[PDB]
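Here the protein sequences come in this chain order: d, l, i, k, j and m. Here the deposited numbering is used: the first residue of the first sequence is 843, the next is one more, and so on. Here the deposited numbering is used: the first residue of the second sequence is 55, the next is one more, and so on. Here the deposited numbering is used: the first residue of the third sequence is 12, the next is one more, and so on. Here the deposited numbering is used: the first residue of the fourth sequence is 114, the next is one more, and so on. The fifth sequence maps to residues 114 to 178, 189 to 218 in the deposited numbering. Here the deposited numbering is used: the first residue of the sixth sequence is 28, the next is one more, and so on. A virtual CB, placed ideally from N, CA and C, is assigned to each residue, including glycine.
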Amino acid sequence: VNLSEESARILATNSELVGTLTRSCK
Amino acid sequence: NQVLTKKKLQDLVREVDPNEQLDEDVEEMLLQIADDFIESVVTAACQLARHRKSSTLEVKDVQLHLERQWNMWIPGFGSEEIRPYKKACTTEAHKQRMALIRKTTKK
Amino acid sequence: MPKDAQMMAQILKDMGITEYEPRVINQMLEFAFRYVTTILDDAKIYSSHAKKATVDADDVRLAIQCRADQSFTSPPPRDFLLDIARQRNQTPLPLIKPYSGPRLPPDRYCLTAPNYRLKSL
Amino acid sequence: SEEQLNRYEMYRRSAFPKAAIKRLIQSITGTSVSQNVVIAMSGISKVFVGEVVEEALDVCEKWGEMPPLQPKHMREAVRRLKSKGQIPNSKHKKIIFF
Amino acid sequence: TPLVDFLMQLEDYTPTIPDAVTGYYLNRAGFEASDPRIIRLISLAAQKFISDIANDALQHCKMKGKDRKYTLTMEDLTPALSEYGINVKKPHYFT
Amino acid sequence: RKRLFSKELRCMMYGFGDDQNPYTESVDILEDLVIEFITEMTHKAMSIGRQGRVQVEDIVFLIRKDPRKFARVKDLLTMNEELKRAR
């Protein structure tokens with residue numbers, strides 16, 4: 843049960859720090 | 055109605071080595087080469103569209119000519135999901151003729 | 012002798028080839044097997060590109076014509092060699108200097124060069 | 114510093130999800146793969162992304178541009194990698210003898 | 114340059130292909146090789162090319178499992204040549 | 028096709044020095060490289076060894092092409108056993 847909930851916490855912080863605004867380019 | 059304009063070509067040389075010049079003998083050939091290749095991509099991608107009984111040139115048959123002949127994969131376009139790869143449709147006639155090469159060899 | 016090696020000697024006899032090595036018939040059957048299994052290679056790529064089930068005759072007809080430019084490219088045609096020549100054949104012949112010793116192109120087109128080598132230390 | 118520790122955190126913790134690549138490979142095979150295949154195939158593709166981005170930042174440092182990566186540095190990244198044989202294409206029958 | 118500093122690691126090496134064999138195939142290619150270290154470099158680069166085709170064919174044979192004597196059959200050499208630019212296609216069963 | 032690697036690949040480019048906020052058309056390019064890389068290492072893997080997808084032939088292509096893909100697949104296969112030995 844410890845392995846199941848802590849696996850998604852390595853990826854949840856990978857959606858709060860990196861990629862805040864979405865850019866584009868000509 | 056020209057597609058390359060000798061300033062886009064000059065920056066293509068400046069991005070490689072910025073202390074390098076081309077001659078007008080080389081520039082007039084680098085332009086020829088470009089236009090000549092545009093023609094051979096399109097003349098052999100229209101027939102792939104003609105074999106799809108369609109009248110629109112999609113990006114899926116400019117892909118198949120550059121990959122098979124020119125060894126070019128242009129990344130940023132994306133395709134549909136490739137179907138499950140059929141490996142060997144070896145027929146029964148080959149399964150019985152090749153089972154005669156071994157029958158004479160060891161027996 | 013299979014029926015296609017008995018027919019390969021007929022093709023060379025129909026040409027001006029009366030005396031050949033016996034290894035030639037084994038070579039002209041490997042070329043004829045590599046060719047049809049390269050056309051039918053491309054004729055299976057084109058059948059799946061038009062998304063059909065079998066390999067029809069219009070797929071093999073395209074696979075023949077779409078590899079007559081890279082696998083068997085031709086010497087240049089007669090209508091192109093005439094136009095290249097008849098603009099080259101219109102500039103006059105230049106005159107010759109009287110005493111120029113060895114007559115040669117400029118130094119970037121000849122093979123005269125100092126031609127170095129490594130010090131065998 | 115304080116950015117190098119955040120960058121080293123993303124260099125290690127980031128991965129492609131195993132629940133999607135096992136869906137992606139099995140759409141190519143037809144039947145089934147194993148867990149030790151998906152573990153390796155998710156790991157080689159992280160090296161391959163690190164083969165491109167570490168080399169697309171060499172294209173950007175060679176030219177006169179900044180860290181934001183335009184697609185100009187990314188098509189040039191695949192061009193330089195393919196000329197060194199790093200990007201495999203199994204649809205171009207190559208010939209060395211001519 | 115790496116080509117010079119590699120050549121100091123070649124004074125202790127002796128390739129399998131002799132210098133008269135390599136020095137003849139450069140004569141058909143267009144030059145008489147004067148320096149005998151250039152003959153020791155084109156022969157080593159061509160010995161390495163055979164030593165990878167005959168080694169990929171071994172790992173092709175050791176990936177079908189028979190473990191006593193490995194025969195260099197065409198079934199192991201023909202996929203091992205296609206990774207380089209050699210595409211053989213041999214026929215069978217001539218009708 | 029949708030993008031199945033849009034949020035994951037932005038963490039990875041930051042991991043190799045790009046930015047915290049990469050362009051959308053740059054993740055458009057990298058997402059198509061990976062789908063072709065997994066395709067052009069599975070289409071060639073179902074002819075070698077056998078017509079299946081056992082991982083003893085995924086380790087063949089990584090040698091003689093780039094040693095970083097081989098030195099990073101021997102670490103993921105070793106550490107699978109040291110993470111089942113701990114349980």
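- When secondary structure is reduced to three states using DSSP, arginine 112 of chain m falls in the coil class, being assigned neither helix nor strand.
- Counting only unbroken stretches of 4 or more residues, the alpha helix (DSSP H) elements lying wholly within the segment 81-139 of chain l are 100-105 and 114-119, in sequence order.
- At a C-beta separation below 8 Å, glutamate 84 of chain m has no neighbours in chain l, since its nearest C-beta there lies roughly 14 Å away.
- Counting only runs of 4 or more residues that sit fully inside the segment 160-200 of chain k, the alpha helix (DSSP H) segments are 185-196, in chain order.
- The segment 116-132 of chain j makes no contact with the segment 102-115 of chain i: fewer than 3 CB pairs, one atom from each, lie closer than 8 Å.
- For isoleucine 75 of chain m, the CB contacts under 6 Å within the same chain, skipping 5 residues up- and downstream, are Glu84 in chain order.
- Between the segment 204-217 of chain j and the segment 92-103 of chain l, the count of C-beta pairs closer than 8 Å stays below three; the two stretches do not touch.
- Remark: C-beta atoms of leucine 73 of chain i and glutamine 101 of chain l approach each other more closely than 8 Å.
- Where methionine 40 of chain m is concerned, the enclosing alpha helix (DSSP H) starts and stops at 35-42.
- Counting only residues of its own chain and dropping the five nearest sequence neighbours on each side, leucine 84 of chain l has a CB closer than 8 Å to the CB of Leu63 and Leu76.
- Contact of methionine 83 of chain l with chain j is not assigned, every C-beta pair being separated by 8 Å or more.
- Residue range 131-142 is occupied by the alpha helix (DSSP H) that includes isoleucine 134 of chain k.
- In this structure, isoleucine 134 of chain k places its C-beta atom within 8 Å of the C-beta atom of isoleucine 65 of chain m.
- Within the segment 49-62 of chain m, the residues whose Cβ lies closer than 7 Å to any Cβ of chain d are, in chain order, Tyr50, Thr51 and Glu52.
- Apart from sequence neighbours up to five positions away, the residues of its chain that approach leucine 89 of chain m with a beta-carbon distance below 7 Å are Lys96, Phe97 and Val100, ordered along the chain.
- Chain order gives no chain m residues near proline 72 of chain l, where near means a beta carbon separation below 9 Å; the closest approach is about 24 Å.
- Under the three-state reduction of DSSP output, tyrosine 57 of chain i falls in the helix class.
- Within chain i, the C-beta atoms nearer than 8 Å to that of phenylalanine 217 of chain j come from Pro13, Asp15, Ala16 and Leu40, in chain order.
- Looking at the backbone, the Cα of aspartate 25 of chain i and that of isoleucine 36 of chain i are separated by about 14 Å.
- Around the beta carbon of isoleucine 141 of chain k, a 10 Å sphere encloses 16 or more other beta carbons of the protein chains shown; the residue is thus reported as buried.
- Just so you know, the alpha carbons of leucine 157 of chain j and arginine 150 of chain j end up roughly 11 Å apart.
- By the rule that beta-carbons nearer than 8 Å mark a contact, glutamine 78 of chain m does not touch chain d.
- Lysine 213 of chain j counts as exposed, since fewer than 16 other C-beta atoms from the protein chains shown sit within 10 angstroms of its C-beta.
- The beta carbon of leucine 66 of chain l sits closer than 8 Å to none of the beta carbons in its chain outside the five residues before and after it.
- Membership of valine 67 of chain l in the alpha helix (DSSP H) is indicated by the continuous run 62-68.
- When CB distances to chain j are screened at a threshold of 8 Å, the residues of the segment 126-154 of chain l falling below it are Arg151, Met152 and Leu154, in chain order.
- Counting every other CB atom within 10 Å of its CB across the protein chains shown gives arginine 37 of chain m a total of 16 or more, marking it as buried.
- By the Cβ test, the segment 37-55 of chain m is in contact with the segment 117-132 of chain k, since at least three Cβ pairs between them sit closer than 8 Å.
- Annotation: the continuous alpha helix (DSSP H) that includes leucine 103 of chain m extends over 101-105.
- Here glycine 208 of chain j is not near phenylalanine 129 of chain k, since their CB atoms are 8 Å or more apart.
- Residues of the segment 200-211 of chain k that bring their beta carbon within less than 9 Å of a beta carbon in chain d are absent altogether.
- In terms of Cα proximity to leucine 200 of chain j, the closest of j/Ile152, j/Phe144, j/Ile166 and j/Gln160 is j/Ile166.
- The beta carbons of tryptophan 127 of chain l and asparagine 202 of chain k sit about 6 Å from each other, so the pair counts as a contact at 8 Å.
- For the pair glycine 79 of chain m and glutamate 135 of chain l, the Cα-to-Cα distance works out to about 20 Å.
- Contact of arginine 188 of chain k with chain l is assigned, a C-beta pair being separated by under 8 Å.
- Only residues of its own chain outside the window of five on either side were considered, and among them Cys121 have a CB closer than 6 Å to the CB of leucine 115 of chain i, listed in chain order.
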